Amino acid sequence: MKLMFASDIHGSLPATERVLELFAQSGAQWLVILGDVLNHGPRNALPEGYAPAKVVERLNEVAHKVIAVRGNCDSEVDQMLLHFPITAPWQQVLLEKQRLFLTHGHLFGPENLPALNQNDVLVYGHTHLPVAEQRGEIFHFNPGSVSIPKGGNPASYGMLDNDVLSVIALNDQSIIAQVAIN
(Lines of atoms letter the chains of each structure in order from A and count residues from 1; the text may use other names and numbers.)
(Lines give C-alpha, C1' and ligand atoms only; values in the text may rest on other atoms or scores of the structure.)
Protein backbone atom coordinates (compact mmCIF):
# COMPACT_ATOMS: atom_id res chain seq x y z
CA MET A 1 0.00 0.00 0.00
CA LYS A 2 1.08 3.58 -0.68
CA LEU A 3 -0.01 6.63 1.35
CA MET A 4 1.10 10.25 1.05
CA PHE A 5 1.10 12.69 3.98
CA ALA A 6 0.92 16.51 3.97
CA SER A 7 0.50 18.97 6.84
CA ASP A 8 0.45 22.64 7.81
CA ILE A 9 -0.26 23.95 4.31
CA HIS A 10 -1.50 27.30 5.65
CA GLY A 11 -3.02 28.62 2.42
CA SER A 12 0.12 28.27 0.27
CA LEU A 13 -0.98 27.63 -3.33
CA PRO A 14 2.49 26.78 -4.68
CA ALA A 15 3.07 24.22 -1.92
CA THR A 16 -0.36 22.76 -2.68
CA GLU A 17 0.25 22.45 -6.44
CA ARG A 18 3.59 20.74 -5.82
CA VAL A 19 1.93 18.32 -3.37
CA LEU A 20 -0.79 17.45 -5.89
CA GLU A 21 1.87 16.97 -8.56
CA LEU A 22 3.91 14.56 -6.45
CA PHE A 23 0.71 12.79 -5.40
CA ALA A 24 -0.26 12.16 -9.03
CA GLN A 25 3.23 10.89 -9.93
CA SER A 26 3.61 8.77 -6.78
CA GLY A 27 0.67 6.51 -7.56
CA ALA A 28 -0.36 6.64 -3.89
CA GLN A 29 -3.98 5.74 -3.28
CA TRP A 30 -4.82 8.32 -0.62
CA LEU A 31 -3.66 11.71 0.61
CA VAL A 32 -3.66 12.26 4.36
CA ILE A 33 -3.92 15.93 5.45
CA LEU A 34 -3.08 16.61 9.09
CA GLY A 35 -4.60 20.08 9.52
CA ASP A 36 -3.99 23.84 9.19
CA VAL A 37 -5.06 23.97 5.54
CA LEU A 38 -6.19 27.49 4.56
CA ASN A 39 -5.46 29.89 7.43
CA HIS A 40 -1.89 31.24 7.45
CA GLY A 41 -1.96 31.37 11.24
CA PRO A 42 -2.33 34.53 13.42
CA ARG A 43 1.23 34.55 14.78
CA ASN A 44 3.12 34.27 11.53
CA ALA A 45 3.77 35.73 8.10
CA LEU A 46 1.90 34.75 4.95
CA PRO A 47 3.49 31.75 3.20
CA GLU A 48 4.65 31.75 -0.40
CA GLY A 49 1.77 32.27 -2.82
CA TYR A 50 -0.87 32.59 -0.07
CA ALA A 51 -4.27 32.07 -1.70
CA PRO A 52 -6.91 30.15 0.40
CA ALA A 53 -9.67 30.27 -2.22
CA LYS A 54 -7.41 28.76 -4.86
CA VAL A 55 -5.95 26.10 -2.58
CA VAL A 56 -9.58 25.14 -1.94
CA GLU A 57 -10.30 24.64 -5.66
CA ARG A 58 -7.16 22.57 -6.09
CA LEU A 59 -7.71 20.30 -3.09
CA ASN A 60 -11.44 19.82 -3.82
CA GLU A 61 -10.40 18.12 -7.07
CA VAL A 62 -9.01 15.10 -5.18
CA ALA A 63 -11.47 15.37 -2.28
CA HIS A 64 -12.59 11.76 -2.77
CA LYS A 65 -9.05 10.62 -2.00
CA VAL A 66 -8.49 12.78 1.09
CA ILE A 67 -8.51 11.70 4.75
CA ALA A 68 -8.15 14.56 7.28
CA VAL A 69 -8.22 15.86 10.86
CA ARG A 70 -8.84 19.35 12.35
CA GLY A 71 -5.84 21.65 12.74
CA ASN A 72 -5.74 24.32 15.47
CA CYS A 73 -6.00 26.93 12.67
CA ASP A 74 -8.98 25.34 10.90
CA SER A 75 -12.47 26.75 11.37
CA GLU A 76 -16.11 26.27 10.44
CA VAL A 77 -15.78 28.48 7.36
CA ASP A 78 -12.98 26.18 6.23
CA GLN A 79 -15.18 23.05 6.38
CA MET A 80 -17.84 24.94 4.46
CA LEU A 81 -15.35 25.38 1.59
CA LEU A 82 -13.52 22.04 1.67
CA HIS A 83 -15.44 19.16 0.08
CA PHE A 84 -13.91 16.54 2.42
CA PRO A 85 -14.37 16.04 6.23
CA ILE A 86 -11.85 17.97 8.36
CA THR A 87 -13.71 18.57 11.64
CA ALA A 88 -12.66 15.41 13.51
CA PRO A 89 -9.98 16.21 16.13
CA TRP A 90 -8.53 12.75 15.59
CA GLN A 91 -9.17 9.68 13.49
CA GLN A 92 -7.79 6.16 13.36
CA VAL A 93 -6.89 4.44 10.11
CA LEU A 94 -6.89 0.63 10.16
CA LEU A 95 -4.19 -1.10 8.16
CA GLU A 96 -3.54 -4.82 7.79
CA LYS A 97 -0.74 -5.12 10.36
CA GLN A 98 -1.39 -2.01 12.48
CA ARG A 99 -3.19 1.24 13.36
CA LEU A 100 -2.52 4.84 12.38
CA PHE A 101 -3.57 7.48 14.94
CA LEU A 102 -4.06 10.75 13.03
CA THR A 103 -4.25 14.08 14.90
CA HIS A 104 -2.97 17.63 14.36
CA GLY A 105 -0.74 17.85 17.41
CA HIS A 106 -2.33 20.51 19.62
CA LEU A 107 -4.81 18.31 21.49
CA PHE A 108 -3.02 14.95 21.22
CA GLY A 109 0.60 14.25 20.44
CA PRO A 110 4.02 13.38 21.96
CA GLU A 111 3.09 15.24 25.17
CA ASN A 112 -0.44 13.80 25.48
CA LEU A 113 -0.33 10.26 24.10
CA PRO A 114 -3.40 8.12 23.17
CA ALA A 115 -3.64 4.45 24.19
CA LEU A 116 -2.20 2.35 21.33
CA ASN A 117 -0.68 -1.05 20.57
CA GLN A 118 2.96 -1.93 20.21
CA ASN A 119 4.11 -0.90 16.72
CA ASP A 120 1.08 1.31 16.03
CA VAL A 121 1.86 4.75 14.61
CA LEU A 122 1.25 8.21 16.07
CA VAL A 123 0.84 10.58 13.12
CA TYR A 124 0.81 14.33 13.80
CA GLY A 125 1.96 17.74 12.55
CA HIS A 126 1.60 21.21 14.13
CA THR A 127 5.26 21.54 15.23
CA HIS A 128 6.57 21.90 11.66
CA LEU A 129 9.44 19.57 12.63
CA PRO A 130 10.03 16.29 10.68
CA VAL A 131 9.95 12.99 12.58
CA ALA A 132 10.26 9.32 11.59
CA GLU A 133 11.33 7.17 14.52
CA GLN A 134 10.45 4.61 17.18
CA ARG A 135 9.47 6.03 20.56
CA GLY A 136 9.03 3.39 23.22
CA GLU A 137 6.73 0.68 21.89
CA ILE A 138 5.15 2.81 19.15
CA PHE A 139 6.35 4.89 16.21
CA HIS A 140 6.14 8.68 15.84
CA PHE A 141 5.68 10.23 12.40
CA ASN A 142 5.48 13.96 11.47
CA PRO A 143 5.81 14.88 7.78
CA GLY A 144 6.91 18.40 8.71
CA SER A 145 5.36 21.36 6.90
CA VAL A 146 5.01 21.83 3.16
CA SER A 147 4.96 25.64 3.59
CA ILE A 148 6.51 26.90 6.82
CA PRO A 149 9.53 24.69 7.76
CA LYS A 150 11.13 25.10 11.19
CA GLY A 151 14.34 24.08 12.92
CA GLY A 152 16.36 24.51 9.74
CA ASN A 153 14.57 21.72 7.88
CA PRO A 154 13.45 21.94 4.22
CA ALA A 155 9.76 22.11 3.29
CA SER A 156 8.66 18.47 3.41
CA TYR A 157 5.95 15.84 3.00
CA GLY A 158 5.43 12.25 4.12
CA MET A 159 5.12 8.88 2.43
CA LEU A 160 4.28 5.32 3.53
CA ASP A 161 5.73 2.85 1.07
CA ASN A 162 6.28 -0.87 1.71
CA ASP A 163 6.40 -0.80 5.54
CA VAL A 164 8.69 2.22 5.39
CA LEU A 165 7.79 5.69 6.67
CA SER A 166 9.75 8.50 5.04
CA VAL A 167 9.85 12.30 5.38
CA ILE A 168 10.76 13.71 1.96
CA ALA A 169 11.92 17.16 0.81
CA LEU A 170 9.22 18.86 -1.26
CA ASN A 171 11.64 20.26 -3.84
CA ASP A 172 14.74 18.10 -3.40
CA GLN A 173 12.86 14.87 -2.81
CA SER A 174 15.81 13.80 -0.70
CA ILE A 175 15.10 11.69 2.37
CA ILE A 176 15.12 13.71 5.60
CA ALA A 177 14.13 10.88 7.95
CA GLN A 178 12.67 7.40 7.79
CA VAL A 179 11.91 4.27 9.77
CA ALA A 180 10.64 0.79 8.92
CA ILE A 181 7.48 -0.25 10.75
CA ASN A 182 7.39 -3.93 9.63
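The numbering used is simple: start at 1 and walk along the sequence shown.
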{"query": "15-23 versus 164-172 - which carries the larger mean C-alpha B factor in the record", "finding": "164-172"}
{"query": "45-53 or 126-134, whichever carries the higher mean Cα B-factor", "finding": "126-134"}
{"query": "For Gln98, the third of its chain into which the C-alpha B factor falls", "finding": "highest"}
{"query": "Chain-wide C-alpha B factor ranking for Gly35, given as lowest, middle or highest third", "finding": "lowest"}
{"query": "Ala155, C-alpha B-factor rank within chain (lowest, middle or highest third)", "finding": "middle"}
{"query": "Chain thirds of CA B-factor: placement of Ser147", "finding": "middle"}
{"query": "Position of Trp90 among the chain's modelled residues by C-alpha B-factor, lowest, middle or highest third", "finding": "lowest"}
